[PDB]
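Only one structure is covered here, and it is reproduced in the block below.
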Amino acid sequence: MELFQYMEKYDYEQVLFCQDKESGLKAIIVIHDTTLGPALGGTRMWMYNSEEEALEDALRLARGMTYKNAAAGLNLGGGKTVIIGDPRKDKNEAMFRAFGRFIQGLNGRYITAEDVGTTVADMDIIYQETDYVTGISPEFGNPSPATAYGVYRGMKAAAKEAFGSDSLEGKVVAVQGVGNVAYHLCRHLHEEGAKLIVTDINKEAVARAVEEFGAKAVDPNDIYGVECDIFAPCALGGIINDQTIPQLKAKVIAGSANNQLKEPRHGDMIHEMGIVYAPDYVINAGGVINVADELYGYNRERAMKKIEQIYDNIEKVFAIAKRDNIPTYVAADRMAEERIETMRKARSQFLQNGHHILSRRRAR
Amino acid sequence: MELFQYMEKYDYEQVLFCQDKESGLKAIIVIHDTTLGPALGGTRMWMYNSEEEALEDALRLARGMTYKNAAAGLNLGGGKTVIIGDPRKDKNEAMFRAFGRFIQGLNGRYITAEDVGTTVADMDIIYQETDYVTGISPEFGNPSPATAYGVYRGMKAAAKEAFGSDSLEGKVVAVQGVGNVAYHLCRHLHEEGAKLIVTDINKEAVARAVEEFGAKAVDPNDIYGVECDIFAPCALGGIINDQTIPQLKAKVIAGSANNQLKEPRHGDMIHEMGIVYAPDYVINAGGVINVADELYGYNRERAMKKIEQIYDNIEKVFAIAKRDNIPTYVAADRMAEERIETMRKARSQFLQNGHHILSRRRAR
Amino acid sequence: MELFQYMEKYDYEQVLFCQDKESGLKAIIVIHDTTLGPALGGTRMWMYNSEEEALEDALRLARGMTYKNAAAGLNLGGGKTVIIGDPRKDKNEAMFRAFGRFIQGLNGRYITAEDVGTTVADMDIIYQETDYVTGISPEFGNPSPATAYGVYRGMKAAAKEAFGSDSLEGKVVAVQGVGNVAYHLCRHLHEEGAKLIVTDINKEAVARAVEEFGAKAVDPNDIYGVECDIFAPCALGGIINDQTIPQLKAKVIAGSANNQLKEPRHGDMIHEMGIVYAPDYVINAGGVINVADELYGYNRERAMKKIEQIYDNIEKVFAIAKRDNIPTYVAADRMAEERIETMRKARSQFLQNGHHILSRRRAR
Amino acid sequence: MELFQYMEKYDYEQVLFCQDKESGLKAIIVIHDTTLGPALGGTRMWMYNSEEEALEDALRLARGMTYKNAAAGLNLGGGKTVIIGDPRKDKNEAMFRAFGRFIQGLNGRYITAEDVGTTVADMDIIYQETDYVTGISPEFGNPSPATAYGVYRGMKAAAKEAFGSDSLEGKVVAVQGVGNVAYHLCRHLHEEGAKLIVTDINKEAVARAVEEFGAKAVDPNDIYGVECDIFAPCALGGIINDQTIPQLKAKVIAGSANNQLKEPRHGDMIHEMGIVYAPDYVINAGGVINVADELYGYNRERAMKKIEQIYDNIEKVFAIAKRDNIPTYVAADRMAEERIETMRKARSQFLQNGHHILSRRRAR
Amino acid sequence: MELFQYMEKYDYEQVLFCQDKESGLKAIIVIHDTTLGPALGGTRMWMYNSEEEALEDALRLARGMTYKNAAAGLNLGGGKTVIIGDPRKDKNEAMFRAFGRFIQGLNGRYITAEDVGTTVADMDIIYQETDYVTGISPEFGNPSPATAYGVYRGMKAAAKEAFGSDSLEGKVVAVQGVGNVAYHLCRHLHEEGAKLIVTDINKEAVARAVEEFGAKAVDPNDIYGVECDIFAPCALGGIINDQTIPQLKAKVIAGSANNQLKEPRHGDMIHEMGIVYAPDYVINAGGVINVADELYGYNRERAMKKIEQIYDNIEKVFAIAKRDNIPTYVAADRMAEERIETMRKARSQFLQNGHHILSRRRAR
Ligand SMILES: NC(=O)c1ccc[n+]([C@@H]2O[C@H](COP(=O)([O-])OP(=O)(O)OC[C@H]3O[C@@H](n4cnc5c(N)ncnc54)[C@H](O)[C@@H]3O)[C@@H](O)[C@H]2O)c1
Ligand SMILES: NC(=O)c1ccc[n+]([C@@H]2O[C@H](COP(=O)([O-])OP(=O)(O)OC[C@H]3O[C@@H](n4cnc5c(N)ncnc54)[C@H](O)[C@@H]3O)[C@@H](O)[C@H]2O)c1
Ligand SMILES: NC(=O)c1ccc[n+]([C@@H]2O[C@H](COP(=O)([O-])OP(=O)(O)OC[C@H]3O[C@@H](n4cnc5c(N)ncnc54)[C@H](O)[C@@H]3O)[C@@H](O)[C@H]2O)c1
Ligand SMILES: NC(=O)c1ccc[n+]([C@@H]2O[C@H](COP(=O)([O-])OP(=O)(O)OC[C@H]3O[C@@H](n4cnc5c(N)ncnc54)[C@H](O)[C@@H]3O)[C@@H](O)[C@H]2O)c1
Ligand SMILES: NC(=O)c1ccc[n+]([C@@H]2O[C@H](COP(=O)([O-])OP(=O)(O)OC[C@H]3O[C@@H](n4cnc5c(N)ncnc54)[C@H](O)[C@@H]3O)[C@@H](O)[C@H]2O)c1
């Protein structure tokens with residue numbers, strides 16, 4: 001692969017291949033940047049056809065988590081674990097005890113959380129070996145009201161961008177998927193008093209939506225052509241593709257879905273038309289904020305006060321996009337890199353007793 | 001300025017000029033005295049025309065905080081920070097991360113709090129770099145009921161000075177400004193059963209006052225000439241000036257406003273007439289007590305029990321003023337300096353494991 | 001002075017005005033940069049006519065120590081203390097106990113050493129209050145053989161620059177001043193087998209030089225016109241001025257004197273002629289290396305092995321000067337700033353247990 | 001006094017004379033025995049005519065607290081402080097800050113609490129200097145329900161001694177004094193369903209007693225001659241004197257009063273008659289148990305479960321009194337000394353990490 | 001005795017009566033002042049007729065050690081232990097193990113050393129229980145060359161006072177007693193080249209003195225009338241009495257004997273005549289400096305460099321005596337009290353990590 005070429009083109013710190021034979025563990029931990037703080041990342045268990053599939057996937061997700069944690073305002077880096085196995089039939093205790101010792105042997109340099117493939121029952125076996133695991137605690141045990149609240153605030157900011165007013169009484173919001181994250185979103189949007197147009201691949205969830213908030217049951221294939229204001233995709237990625245760009249009649253795209261643009265040329269075309277696209281990983285970053293506020297000792301009010309700042313994050317993305325005459329998906333990356341370089345240069349004076357995110361401190 | 005002459009005439013320990021270029025921070029931390037404990041002080045952000053304006057302002061406020069923290073009964077010194085900038089447009093994260101590291105590099109020798117110009121959203125960025133910051137905690141998050149309760153107790157003490165009885169059923173209290181601190185004061189004064197005469201530059205707050213407690217709406221320019229007993233200024237400083245001294249018909253001045261006397265000759269004239277002036281920084285010291293009780297781990301009952309002692313503080317000020325045949329604004333300074341010198345001499349025996357206000361101790 | 005303008009033009013971290021009234025201390029500690037490590041600097045006691053004289057002097061010496069400690073290879077920053085007093089009649093214990101507590105209250109952020117005005121009898125009073133003081137220890141108690149050894153190595157490097165050969169058998173070295181630092185230098189130069197031409201304002205030291213190593217007694221005013229190879233000034237600063245540049249018949253200037261060029265235009269003219277000027281603060285940095293190796297627990301062999309690298313330091317200065325087509329006194333500053341920026345960027349990965357120069361570690 | 005003779009006859013460890021001149025403190029701390037644990041004792045402020053009065057008083061109370069803390073089941077020794085002053089007019093902050101440093105300088109070897117003469121407002125000034133102070137905490141802030149509950153349990157045990165049955169439905173209890181400790185006692189005695197005969201020097205408290213529980217208002221001088229079963233003195237000491245022994249018609253004396261027997265010959269005569277006298281410092285030891293359970297972090301259920309054991313303490317006193325053919329006031333001392341000697345001999349095996357009552361341990 | 005009156009007239013911190021019955025220990029520890037540091041004092045074992053004899057003796061020696069440790073330049077207070085027993089027949093291990101635990105229970109607040117009555121074989125039993133004991137270590141094991149060296153330096157200073165020249169070639173020194181401390185003194189005085197006149201109650205030591213350095217054997221009763229310059233008493237106290245003042249023909253009294261003046265009226269008469277009396281506890285303080293330098297880890301060169309400063313101590317005593325127009329034995333007390341008050345006021349700024357003499361620090 002010439003793996004140091006791929007590392008050198010993007011400045012990856014480490015890739016790290018763990019293995020354990022009596023338990024059957026093959027894991028790839030990738031730490032991209034640990035400038036702001038420790039590298040928080042999800043632990044994803046999935047079956048890949050080779051090692052190179054898993055390696056490329058771990059490297060892309062490490063870069064993505066660095067820009068997410070930076071542009072969210074967290075003092076955390078970016079990394080990602082891939083466990084090569086099958087989560088239906090290739091789990092036991094022994095691989096997670098082996099894996100928790102491989103995390104404890106990095107000495108706090110990498111913090112893990114649950115992701116696609118692991119549950120909060122495998123981060124209890126890891127917690128028996130390490131402290132550097134999050135999303136576990138009896139105080140904590142559910143990021144979906146948090147992610148919905150952050151999508152709500154980002155939609156406020158994008159509405160003040162595209163229109164000037166953020167009071168959404170008198171707006172039309174089309175929402176695809178009502179799966180636990182757009183559901184609380186639809187709670188927030190009707191409790192403000194906005195009109196809702198929902199769809200889903202199921203109908204029982206659509207029946208729940210119409211019974212709760214009087215939404216409009218529309219078929220899933222033509223959610224794209226609905227004349228609305230704010231289109232909020234919450235189902236999958238690759239939704240904005242070449243096959244669907246002229247189908248839109250909305251000017252504000254702000255949803256919780258990951259990897260919304262299929263190719264960056266689509267983002268170029270959206271910026272040439274005029275659809276106000278707030279970027280994908282700045283809006284939906286509420287769940288990562290929620291699971292990173294556990295590192296203080298979890299408190300609901302502090303974490304919701306931090307999730308409230310996604311309004312300001314989106315507003316700075318649009319300010320940089322209008323200053324630099326670039327699209328907004330480029331403005332998100334440049335916001336994050338400016339925060340990384342500025343905190344490299346502004347935290348340079350010597351202290352022999354500095355605080356990081358894992359520090360021992362006063363109870364207060 | 002010959003800055004060591006000004007430091008030597010009043011025994012300032014340190015002045016300390018912080019600077020950071022990539023974040024735009026220019027700060028002046030002034031530590032006057034750290035005999036009793038660490039130097040607690042506010043962090044004030046304001047735009048000054050030069051450096052000398054900010055320097056003179058920081059030095060005056062450092063001396064003022066030393067006498068306030070001493071005469072309140074706290075084990076804390078006096079200092080003050082001035083950040084030279086514009087709080088409407090010259091804030092970001094990077095200057096407060098730089099500034100929090102400059103506080104952490106004093107090693108607990110200076111504790112900061114919010115003041116005129118900063119909020120409790122900038123002491124969360126400082127808290128990511130240091131423990132020596134107060135007014136932040138999720139247990140804590142509001143000094144105004146505390147400051148009003150302390151003004152109430154000091155008015156009890158001044159009423160027992162001027163009359164002998166502290167039960168205020170049958171008294172007349174004129175209050176200017178109903179802005180969040182005299183409001184709870186008016187709650188306390190009518191729940192004792194005293195008659196209220198309020199005024200304000202607004203009328204909606206006056207309407208709220210009349211609707212709540214049946215106060216008397218009087219115009220703001222002639223609040224000074226109202227025949228009353230206890231005049232409680234709660235709006236600005238420089239109220240007692242030469243233009244308004246013969247306007248008074250009250251004999252007890254006890255309000256929460258800072259810098260009440262314009263010049264000390266006015267205090268000389270008040271003492272020559274006979275108006276019982278309890279001093280400004282002894283009465284309104286309840287908010288500093290509230291934000292300094294957080295250093296124990298915040299508890300409401302302990303802090304209110306400590307705010308209750310402003311009765312005794314005012315009573316000792318009047319005892320020293322009658323012992324020493326001086327005015328009361330001089331009696332406040334001499335009370336504070338006697339407490340400083342007595343705790344210098346009475347805490348002189350050696351211990352290798354002493355407790356200060358920042359010490360680690362048993363949870364209990 | 002508009003002191004933040006002068007701080008912002010050169011990126012000073014702190015200026016810090018200490019004062020103590022019962023002991024008579026007025027001190028100015030200036031910390032320029034603490035990127036590489038703590039700020040090591042001398043404590044200089046001298047009488048200045050005002051505060052502004054002392055302030056300008058402290059600021060210049062702080063910048064000079066930053067570039068010296070950087071270009072020497074040390075993990076130390078640059079700072080400087082000025083005590084405003086008279087060392088003949090205004091010393092006692094009480095000001096150094098007060099001053100040692102003001103250094104201990106920076107928490108290791110600034111390390112002090114002896115300099116022009118203090119002795120190793122005032123850094124014993126400071127040592128009773130702090131650990132952040134160097135040059136004191138009973139293992140240690142004499143930087144002059146170290147500084148001479150470093151001047152010897154730098155002269156080796158400048159001789160290989162100007163000629164190609166470093167074996168100095170068959171060279172002519174003119175040395176002014178034989179005061180304890182050029183004396184061991186003349187030991188090294190005749191034990192290699194090089195011819196010496198010494199001078200001094202005294203004659204008894206010249207008699208000692210001629211009796212020891214057979215040097216040539218030449219008058220002090222015409223040491224400049226002596227036809228030689230390597231001219232080694234070791235007396236004062238401002239030697240290379242406009243009045244003496246055409247007097248030289250030497251092509252290698254390498255001496256232990258501080259502030260050799262009077263103005264940088266003189267360095268421009270030296271580079272236009274062709275005299276190989278190795279810069280002043282790269283050669284004579286052996287004494288600072290000697291007093292900074294005490295921070296490990298002093299060992300003579302490790303410190304001499306570190307002083308041996310001034311050959312490589314001079315060789316990199318000449319490599320940058322030939323790469324960048326600038327003079328050598330500019331090449332020294334650019335070497336130091338490249339080392340500062342490169343160690344800012346190469347030590348950026350997170351550790352929660354990093355080592356600095358003041359760290360506790362294994363005895364081994 | 002030949003003070004070491006008095007110390008040697010009873011094995012006092014230390015007497016310790018503290019003094020502070022600028023605050024006016026003259027204190028006598030007496031530590032009798034610290035075998036079981038640290039010496040807990042009250043701090044009593046009172047005016048004595050000389051030093052010898054205070055010294056004899058401190059020595060008697062130190063021995064009394066050793067036998068109380070031993071026979072109660074606590075891991076605490078016995079000591080006592082006497083401050084020589086006047087609590088009406090000779091208190092300030094400075095003497096308690098001086099005194100708290102003199103307690104902190106014993107290093108946990110002596111723990112102080114409130115007693116006759118100090119309040120819980122002087123153990124807040126001491127708490128600013130030391131951890132070895134009890135009865136202060138915001139969790140804690142009232143030993144009187146505890147002392148009453150313990151008197152109730154001891155009366156249960158004495159009733160099973162004198163009769164065999166502990167169910168007190170159908171008994172007659174005469175109680176003198178209804179001052180906050182016999183009041184909750186009378187609550188417990190009527191909620192079991194026992195008949196009450198109360199008296200007091202006041203009548204309003206007697207009116208409260210008759211209105212609450214239907215007690216019988218009897219004059220205070222002839223409470224001694226009332227035909228009853230269990231006489232419970234709760235007012236003063238010296239009640240059982242020669243003038244009142246034939247006045248009794250009761251066979252169970254069990255009250256919360258200190259120093260009940262005037263001379264031990266009275267206890268000899270009570271044991272010769274047959275009145276079941278449970279001793280004074282075994283019954284009323286509930287308040288000391290309450291203020292010593294704060295040293296764990298105060299919990300109400302654990303402390304009440306420990307106060308419940310006074311039944312077993314009284315039962316062992318009567319078992320030793322019937323085994324050894326001695327009176328019961330001698331049986332209390334011998335119970336305590338057997339516990340002291342047995343815990344000297346049974347805790348003799350070496351540990352390098354033992355637990356005492358002041359130890360740091362797991363939160364759990 | 002009214003022991004708090006005697007404590008209050010001189011500001012004694014503590015008197016502390018230890019006792020242990022199974023070992024037979026009766027000890028009186030007196031701590032006078034612990035402002036400068038911990039209280040260093042000797043442990044003296046002697047038989048006194050009562051307690052009051054021992055108590056008065058302990059109090060006088062505590063005050064004397066405070067002024068000695070202050071005027072010597074040490075960071076140590078003054079205290080003194082008296083053990084009431086007979087050192088010929090009333091020692092064992094058990095009393096020193098009991099006593100070492102009573103010193104460890106003061107927590108470093110009092111440091112003990114050997115004195116009249118104990119040896120360095122009883123401070124090995126104490127060292128098995130505590131660290132706060134000095135004069136014991138295998139590095140250490142002999143204050144007499146130190147005390148002689150300090151007497152030599154003080155005699156240098158008194159010779160420059162009385163004459164102007166300190167080079168003692170051509171002087172006459174009469175020395176009584178040649179017992180281990182004047183012996184090394186006579187070594188120093190003839191190795192400078194001064195003429196010696198020795199005497200002693202023995203003759204074999206006088207024969208050793210004449211054989212070594214050619215001294216002059218003079219009878220012991222008329223050592224006082226010898227026409228000399230510097231009279232150096234080294235035998236006992238009470239030498240300068242009314243019976244011997246006109247016998248002197250010397251003008252410089254500088255010897256190592258304790259308690260040289262019988263009454264202070266004798267010192268008044270010496271100052272009225274003109275005999276330059278350097279005070280007793282400033283000259284002979286070399287042994288206390290030697291045993292207090294062990295607290296750093298003992299090093300001979302550092303301790304001798306500190307003993308060298310007795311020249312400067314005597315010079316400041318004479319400067320204060322000529323400034324204040326008082327005798328010199330009063331000038332010694334006022335030098336010490338000025339050092340105590342100045343270090344109370346100059347070490348007042350807050351640090352949470354200060355160094356004292358018992359602090360843990362870097363090995364270096
Ligand atoms: N929960 C969080 O905090 C968080 C964080 C980041 C991203 N997200 C993203 O939010 C999206 C959904 O959230 P979730 O995974 O937590 O719950 P979810 O998977 O239950 O919600 C998805 C629902 O969308 C519907 N769906 C599937 N295909 C669809 C299609 N073509 N068209 C319309 N609807 C379709 C289904 O009802 C599905 O249950 C996901 O893309 C997830 O990655 C969530
Ligand atoms: N909150 C505290 O704990 C605390 C502590 C110390 C001092 N203070 C002082 O209390 C004063 C007011 O308290 P605040 O700042 O917290 O709330 P605030 O500023 O809202 O109250 C001030 C109100 O007074 C009225 N006002 C302005 N000018 C007036 C004028 N000429 N005449 C009459 N009323 C006028 C306005 O209604 C104003 O809102 C201030 O001077 C403040 O410095 C408060
Ligand atoms: N010792 C070190 O480690 C070190 C470090 C850095 C710089 N230096 C520099 O080295 C120089 C001298 O070293 P030093 O101060 O340690 O010992 P030093 O002061 O005793 O040596 C200087 C001697 O030069 C002679 N001198 C004075 N004026 C002269 C003149 N016009 N011409 C010729 N000679 C003259 C005198 O003999 C003088 O004693 C100084 O400039 C010092 O700053 C020394
Ligand atoms: N509160 C405790 O935990 C505790 C602990 C140990 C001992 N005690 C003892 O309990 C006794 C009383 O308890 P307290 O001090 O806490 O409250 P208290 O002092 O208010 O109760 C005493 C009351 O007894 C009455 N009194 C006074 N003289 C009397 C007399 N000749 N005859 C009858 N009644 C008389 C008065 O009403 C008095 O208020 C005291 O002797 C106290 O020492 C209490
Ligand atoms: N060793 C120290 O560091 C130190 C410190 C402080 C004080 N001193 C004092 O130094 C004095 C002697 O020193 P030492 O005790 O260590 O050794 P030491 O007791 O052996 O020296 C005293 C000698 O003086 C002689 N002596 C006794 N009576 C005499 C008399 N009337 N006239 C002349 N000589 C007489 C004897 O030879 C005696 O041995 C003592 O007063 C001691 O208190 C010593």
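Lettering and numbering for the structure tokens are positional, with chains as A, B, ... in the shown order, residues counted from 1 in each chain, and ligands counted from 1 in the shown order.
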
### Message
With DSSP run on the backbone, what are the strand (DSSP E or B) residues within stretch 85-147 of chain C? I'd like them as a ChimeraX atom specification.
### Response
/C:110-114,116,118,133

### Message
Which residues are near residue E:218? Cut-off 12 Å, only C-alpha atoms, ignore same chain within fewer than 4 positions. Put them as a ChimeraX atom specification.
### Response
/E:174-177,196-203,206-207,209-210,222-226

Could the residues in this selection be written to a file with C-alpha atoms, as a PDB file, in the first residue's frame?
```
ATOM      1  CA  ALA E 174      45.411  34.272  77.048  1.00  0.00           C
ATOM      2  CA  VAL E 175      43.306  31.093  77.082  1.00  0.00           C
ATOM      3  CA  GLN E 176      41.970  29.266  80.126  1.00  0.00           C
ATOM      4  CA  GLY E 177      41.009  25.612  79.754  1.00  0.00           C
ATOM      5  CA  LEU E 196      49.642  32.101  73.422  1.00  0.00           C
ATOM      6  CA  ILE E 197      49.337  32.073  77.218  1.00  0.00           C
ATOM      7  CA  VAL E 198      47.423  28.988  78.290  1.00  0.00           C
ATOM      8  CA  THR E 199      46.268  27.619  81.613  1.00  0.00           C
ATOM      9  CA  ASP E 200      44.163  24.737  82.908  1.00  0.00           C
ATOM     10  CA  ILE E 201      43.314  23.019  86.174  1.00  0.00           C
ATOM     11  CA  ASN E 202      45.403  20.080  84.949  1.00  0.00           C
ATOM     12  CA  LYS E 203      49.072  20.113  83.970  1.00  0.00           C
ATOM     13  CA  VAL E 206      49.300  22.295  79.779  1.00  0.00           C
ATOM     14  CA  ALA E 207      52.327  20.118  78.986  1.00  0.00           C
ATOM     15  CA  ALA E 209      50.041  22.835  74.946  1.00  0.00           C
ATOM     16  CA  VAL E 210      53.639  23.862  75.657  1.00  0.00           C
ATOM     17  CA  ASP E 222      46.127  34.655  88.032  1.00  0.00           C
ATOM     18  CA  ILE E 223      45.154  34.155  84.392  1.00  0.00           C
ATOM     19  CA  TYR E 224      42.920  37.185  84.963  1.00  0.00           C
ATOM     20  CA  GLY E 225      45.754  39.599  85.746  1.00  0.00           C
ATOM     21  CA  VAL E 226      47.951  38.685  82.776  1.00  0.00           C
TER      22      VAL E 226
END
```

### Contacts to ligand 1 at 6 Å cut-off (only C-alpha atoms and all ligand atoms) as JSON, numbers by chain
{"A": [143, 144, 147, 176, 177, 178, 179, 180, 181, 200, 201, 220, 234, 235, 236, 256, 257, 258, 284, 287]}

Restricting it to C-alpha atoms, dump the selection as a short mmCIF file (atom, residue, chain, number, x, y, z; two decimals), in the first residue's frame.
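What landed in result_20.cif:
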```cif
data_model
loop_
_atom_site.label_atom_id
_atom_site.label_comp_id
_atom_site.auth_asym_id
_atom_site.auth_seq_id
_atom_site.Cartn_x
_atom_site.Cartn_y
_atom_site.Cartn_z
CA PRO A 143 -27.20 10.35 22.49
CA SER A 144 -30.32 10.77 20.34
CA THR A 147 -28.13 14.87 18.48
CA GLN A 176 -36.96 11.55 5.88
CA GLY A 177 -36.57 8.74 8.40
CA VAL A 178 -38.20 9.00 11.84
CA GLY A 179 -35.69 6.69 13.53
CA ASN A 180 -35.07 7.95 17.09
CA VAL A 181 -33.07 11.04 16.06
CA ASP A 200 -39.98 6.67 6.23
CA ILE A 201 -39.59 3.24 4.67
CA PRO A 220 -40.34 7.99 0.25
CA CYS A 234 -31.67 11.60 8.54
CA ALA A 235 -31.44 8.17 6.90
CA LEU A 236 -28.22 7.37 5.00
CA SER A 256 -28.15 14.44 11.02
CA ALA A 257 -27.04 11.97 8.37
CA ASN A 258 -23.38 11.07 7.93
CA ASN A 284 -24.81 16.24 13.88
CA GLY A 287 -23.81 12.93 20.27
#
```

### Non-local contacts of stretch 29-34 of chain E (7 Å; only C-alpha atoms; under 2 positions in same chain excluded) as a ChimeraX atom specification
/B:349-350 /E:12-17,27,36-39,58-59,62-63,66,77-82

### Message
Residues of chain B were defined as contacting chain A if any atom lay at most 12 Å from it, counting only C-alpha atoms; please report them as a PyMOL selection string.
### Response
chain B and resi 18-25+92-108+120-121+124-141+292-299+358-363

### Message
Just checking: using only C-alpha atoms and all ligand atoms, which residue out of D:118, D:243, D:165, D:142 ends up closest to ligand 4?
### Response
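Nearest to ligand 4: D:142.
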
### Query
Between C:229, C:312, C:280, C:341, which is the closest to ligand 3 once you count only C-alpha atoms and all ligand atoms?
C:280

Could you list, as a PDB file with C-alpha atoms, in the first residue's frame, every residue within 7 Å of stretch 183-188 of chain A, counting only C-alpha atoms and ignoring same-chain residues fewer than 5 positions away?
```pdb
ATOM      1  CA  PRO A 145     -32.102  13.635  22.196  1.00  0.00           C
ATOM      2  CA  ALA A 148     -31.675  16.023  17.719  1.00  0.00           C
ATOM      3  CA  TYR A 149     -31.234  19.110  19.904  1.00  0.00           C
ATOM      4  CA  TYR A 152     -32.394  21.845  15.867  1.00  0.00           C
ATOM      5  CA  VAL A 178     -38.202   8.998  11.839  1.00  0.00           C
TER       6      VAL A 178
END
```

### Message
Please report the interatomic distance between atom CA of residue E:123 and atom 14 (P, counted along the ligand's line) of ligand 5 in Å with one decimal.
### Response
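Distance between the two atoms: 19.3 Å.
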
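Take the candidates C:288, C:160, C:61, C:88 and check each one against ligand 3 using only C-alpha atoms and all ligand atoms; the shortest distance goes to C:288.
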
### Query
Of the residues B:281, B:329, B:311, B:67, which is the one nearest to ligand 2, using only C-alpha atoms and all ligand atoms?
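Of all the options, B:281 lies closest to ligand 2.
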